[PDB]
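Peer 1: Starting off with a structure, shown below.
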Amino acid sequence: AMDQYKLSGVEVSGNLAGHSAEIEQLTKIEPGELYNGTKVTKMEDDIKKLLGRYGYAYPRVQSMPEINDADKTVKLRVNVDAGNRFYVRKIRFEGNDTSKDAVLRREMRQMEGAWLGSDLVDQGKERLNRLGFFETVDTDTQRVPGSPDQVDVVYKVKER
């Protein structure tokens, strides 16, 4: 296997949605960093999370090791596809048995008709968590059928 080799670099290409600089930062190598499958998926996951902050809800990242035996190093060839950028059509609430939807909507930071922003969906979640009513608060981003660029954000809530 390759867990003993050193990462010589990460070469990224594809459709980066204008975020090549940030994706380069994420992609830089650490001192004496070894090749590792797990850190590779963690890297793919970090890239998707980043693009998600910009409304690219379903981005792809594939990556392929190029072993160089002369150097005992491995280079990561990486393809990024940001995919469609989504805006929010509807924000929806569930589990919501005591309080009018108004009580939750009022805490949103992600607005209908705006570009989707995972951090915005998250802030909504923390504002929800923070008023005590709920045991759990989870979010789901659902594509609107027939739509290439619309999602609904569902806040699934469970009261105490």
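Chain lettering (A, B, ...) mirrors the order of the structure tokens, residue numbering begins at 1 for each chain separately, and ligand numbering begins at 1 in order of display.
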Going by DSSP on the backbone, which bits of range 4-160 of chain A are strand (DSSP E or B)? Write them as a PyMOL selection string, please.
Peer 2: chain A and resi 6-15+34+60-68+73-81+87-94+115+134-143+150-159
Peer 1: Determine, counting only C-alpha atoms, which protein, DNA and RNA residues have an atom within 8 Å of an atom of residue 33 in chain A; residues of the same chain fewer than 2 positions away are not included. Present the result as a compact mmCIF listing (two decimals) with N, CA and C atoms, in the first residue's frame.
Peer 2:
# COMPACT_ATOMS: atom_id res chain seq x y z
N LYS A 6 5.06 10.11 0.86
CA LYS A 6 4.82 11.51 1.19
C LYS A 6 4.06 12.19 0.07
N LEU A 7 3.08 13.01 0.44
CA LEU A 7 2.31 13.77 -0.52
C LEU A 7 3.21 14.79 -1.14
N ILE A 29 -0.24 21.18 1.35
CA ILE A 29 0.26 20.04 2.12
C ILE A 29 0.97 20.46 3.40
N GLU A 30 0.92 19.60 4.41
CA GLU A 30 1.53 19.88 5.70
C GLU A 30 2.97 19.43 5.71
N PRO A 31 3.74 19.86 6.71
CA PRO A 31 5.09 19.32 6.86
C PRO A 31 5.09 17.80 6.94
N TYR A 35 0.77 10.05 2.54
CA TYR A 35 -0.45 9.68 1.83
C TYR A 35 -1.36 8.89 2.75
Peer 1: Give me the residues near range 64-73 of chain A as a PyMOL selection string, where near means some atom within 8 Å (using only C-alpha atoms) and where sequence neighbours in that chain fewer than 3 positions away do not count.
Peer 2: chain A and resi 5-8+76-78
Peer 1: From the set A:47, A:89, A:126, A:98, which residue has the shortest atom-to-atom contact distance to residue 145 in chain A, counting only C-alpha atoms?
Peer 2: A:89
Peer 1: Given only C-alpha atoms as the basis, pick out the residue of A:118, A:92, A:108, A:99 nearest to residue 48 in chain A.
Peer 2: A:118
Peer 1: Per DSSP on the backbone, what are the alpha helix (DSSP H) residues of range 13-136 of chain A, as an NGL selection string?
Peer 2: :A and (20-27 or 37-52 or 101-105 or 118-129)
Peer 1: Got a sec: who's within 7 Å of range 151-156 of chain A, counting only C-alpha atoms, leaving out chain neighbours fewer than 6 positions off, as a ChimeraX atom specification?
Peer 2: /A:86-95,137-144
Peer 1: Neighbouring residues of residue 158 in chain A were defined as those with any atom within 6 Å, considering only C-alpha atoms; residues of the same chain fewer than 6 positions away were excluded. Please report them as a PyMOL selection string.
Peer 2: chain A and resi 95+134-136
Peer 1: Keeping C-alpha atoms, export the residues of the selection given above as a CSV table (one decimal), in the first residue's frame.
Peer 2:
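The resulting file, out-v7.csv, is shown below:
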chain,number,residue,atom,x,y,z
A,95,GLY,CA,-42.0,18.6,14.5
A,134,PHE,CA,-36.3,21.9,21.3
A,135,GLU,CA,-34.5,18.6,22.1
A,136,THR,CA,-33.1,18.5,18.6
Peer 1: Any idea what the distance is between CA of residue 51 in chain A and CA of residue 17 in chain A?
Peer 2: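 About the pair CA of residue 51 in chain A and CA of residue 17 in chain A: they are 8.2 Å apart.
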Peer 1: Using only C-alpha atoms for the distances, tell me which of A:83, A:36, A:113, A:150 is nearest to residue 4 in chain A.
Peer 2: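 Of the candidates, the smallest distance to residue 4 in chain A is held by A:36.
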Peer 1: If you measure from CA of residue 13 in chain A to CA of residue 34 in chain A, what distance in Å do you get, rounded to one decimal?
Peer 2: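 Pair CA of residue 13 in chain A / CA of residue 34 in chain A returns 22.0 Å.
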Peer 1: For residue 119 in chain A, please output as an NGL selection string all residues within 7 Å (counting only C-alpha atoms; exclusion window: fewer than 3 positions along the same chain).
Peer 2: :A and (53 or 122-123)
Peer 1: What gap, in Å, lies between CA of residue 62 in chain A and CA of residue 115 in chain A?
Peer 2: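 Computing the Euclidean distance for CA of residue 62 in chain A and CA of residue 115 in chain A yields 25.2 Å.
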